[PDB]
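Structure, as C-alpha cells:
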Amino acid sequence: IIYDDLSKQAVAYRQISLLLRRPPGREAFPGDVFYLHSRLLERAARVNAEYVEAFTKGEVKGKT
Amino acid sequence: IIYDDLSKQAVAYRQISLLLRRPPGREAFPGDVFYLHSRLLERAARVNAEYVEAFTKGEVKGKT
Amino acid sequence: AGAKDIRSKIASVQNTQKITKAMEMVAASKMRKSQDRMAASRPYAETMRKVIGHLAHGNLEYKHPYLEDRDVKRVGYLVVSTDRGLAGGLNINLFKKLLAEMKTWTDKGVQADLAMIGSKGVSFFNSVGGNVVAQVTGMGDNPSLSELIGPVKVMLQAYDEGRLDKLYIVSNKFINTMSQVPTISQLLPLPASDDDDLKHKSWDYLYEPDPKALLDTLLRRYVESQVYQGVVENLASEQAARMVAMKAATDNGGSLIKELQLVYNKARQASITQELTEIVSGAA
Amino acid sequence: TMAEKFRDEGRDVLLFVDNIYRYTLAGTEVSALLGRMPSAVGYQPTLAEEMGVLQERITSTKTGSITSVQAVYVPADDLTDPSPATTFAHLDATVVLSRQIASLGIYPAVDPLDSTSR
C-alpha cells in the first residue's frame, strides 16, 4: 500500500482542526497529528499463521 | 507626487493593526499590507480626454 | 537554511580563512629561503661563463658544435613546472606560451621534444599529448643538481647526436616579489655574450691536457648550471605566487563571511518572529 | 524635561543617555505586561513611535538647543535588528571608539575610519 503525500493528509487534518477551534501546536498543526499517522502506519504488519487461522476461523491454515 | 517613506507608512499601519489584535503574517505585517499600498499607488494614473470631459461636466475638452 | 545551518557554514568559512592565512605565512618564509638559495648560485655560472668566453672568442676559437647555428629541423624544450598547486596561474601562463611557440615551430614543419622538470607539467603535457621524452619529478623544495643530470644528459646527447638543432629552457623569472614572467630562452647553441676579445691578449692558459677536451666539459657543466638556476628561480617564483594567491583567497573568504552573516541575521529574525506569533496567536 | 528647562533659559544643553537600547527594552517589557501583541522580532508594536516621541523633543529651537550623545548597543552585532535600525534613523553623527587605538596609547580612542557624520 502506497500513501501518496501523507504530508497532504496532515494538511487536511490541520484544516479540520483549526475550523473546530482546537489548540494549535507547532506550525499550527494540532497536537495529536502524531497519533494520526502512528495509528495508520502501525497497521502495516506481518501476522503469524495462528492469527490468520483464528481470523479466518480455520479456513486458511499455515500461511502468514 | 512623492511619498517620502512608504516604509514608515507600512510600519504605522502595522502598529494600528496590532493594537486591534489582528493576526499578523510574514514579518509581523498584517494580511492586507499589500492592499494598503495597492489602493494608494493605483491612483497615480493618466486619464483620457473622455474621462476628463465626463468628470468636469464638459468644462474641459480634449485634455488628458 | 535555518539559522543553525548558516552558523555552521560561517564556522567553516572562518576555518578556511585561518588555513589560507597560515599558508600565506609559510609561503612568505619559504620565498625568502628560496631567493637566498637563488643568490648562492650565481658565482659558479658567472665564472664559468667568463672561462667559456675566453676559450670561445678570445685570441683563439674552436669549431665546437654547441657554439654555431645549423638548420633547425627540430627543437628541444626543457620545461620547469611546480610540483604543487595553489600557485595561481603560474603553470598555465607558461604552458600556454610554450604551446604557442611550439605551434609556431610545428607550422614550419619542425618537430619538438619535451623534457619535464616537475610533475604538474608532466600531467599537463601528457593530457595534451605533447612529446615528453624524459622527466624528473618530486624534487619539492630540495632541488639538487644531481637529479637534473638525467634529463639534461638526454637532451645534450640528442643534441650532439644531431637529433636536436636548438634547445630552450622555459621557466618563470622571479623579477620582483609582486611580478614573475614566463620566459623561453635559448641555451643551445650558445647565445652571443656581451663580451669583447680585446681584453683576452693580456694572458693565456696552460691547458692540461689540451683546450679541446676541456671546452667540452665546460660547456656541458655550464648548461647543467643554467638548468639548475632556472629551476631554483622557478621555485622562488612559485613561493611568491602562492603567497599572493593565498592573500587573495583570504580576502575572498573574509568578504563572504559578511554575506553569510546578513543571511544568518535575516533567518534569526524570521525564526523569532514566526515562533512568537505562533504562540501568541494560539492563545484564546 | 530637565534639559528642556535649561533650553528655555536660552542656553545650549548637552544630554547624555547611557543606553538607549535599554530604553527600548524597558518599553518592550512594559508592552508585554500590558498584553499587547508582539511585533517584528518580539519588539513592542509601538516601537518607532516610542522612540520618535523621545528623539523628537531634542532639537534646536529659536531660543535654545539640546544636543545629545547617546550610547548605543547593537544586539547580536546585528545592525539590521529593529532596535538599532530604528535608532539609526535619528542619529546624525556616529563616533566609534576602538580598543586598538587605545592600545597604541593614543587618546581619545576614536576611530577615524569608522566614525562618521552626515
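Numbers and lists here come from the model and the stated rules, or from a named source; no laboratory read-out is quoted. Here Cβ is always computed from backbone atoms with ideal geometry, including for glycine, and neighbour counts include all displayed protein chains.
A few notes on this one:
- Taking chain B as the region of interest, the helices (runs of 4 or more DSSP H) fully inside it that hold 1 or more residues being within 13 Å of chain D (Cβ to nearest Cβ) and hydrophobic (A, V, I, L, M, F, W, C) are B:6-18, B:33-41.
- For region D:74-95, the set of residues classified as β-branched (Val, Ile, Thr), under 14 Å from the mean Cα position of the chain (by Cα) and farther than 13 Å from D:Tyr21 by Cα consists of D:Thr94, D:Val95, listed by residue number.
- Region D:74-88 - residue that is surrounded by fewer than 13 Cβ atoms within 10 Å (Cβ to Cβ) and at negative phi and, of those, nearest to the other protein chains (Cβ to nearest Cβ): D:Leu79
- Criterion: closer than 26 Å to C:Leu60 by Cα, hydrophobic (A, V, I, L, M, F, W, C) and part of a helix (DSSP H, G or I) - qualifying residue of C:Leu187, C:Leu148, C:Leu218: C:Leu218
- Taken together, the residues in region D:5-24 that are within 30 Å of D:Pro75 (Cβ to Cβ) and loosely packed, with under 15 Cβ neighbours inside 10 Å amount to 5.
- Answer residue from region D:46-73, given it is of a type outside the set (A, V, I, L, M), closer than 16 Å to D:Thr24 by Cβ and part of a loop (DSSP other than H, G, I, E, B) and is nearest to the other protein chains (Cβ to nearest Cβ) among those: D:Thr46
- Given (1) assigned by CATH to the domain that holds C:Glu233; (2) surrounded by fewer than 17 Cβ atoms within 10 Å (Cβ to Cβ); (3) touching a residue at least 12 places away in the same chain (Cβ under 8 Å), number of the condition C:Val26 does not satisfy: (3)
- Residue satisfying all of: in region C:237-284; within 11 Å of chain D (Cβ to nearest Cβ), free of Cβ contacts under 8 Å to residues at least 24 places away in the same chain and of a type in the set (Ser, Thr, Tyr); surrounded by the fewest Cβ atoms within 10 Å (Cβ to Cβ) among these: C:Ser281
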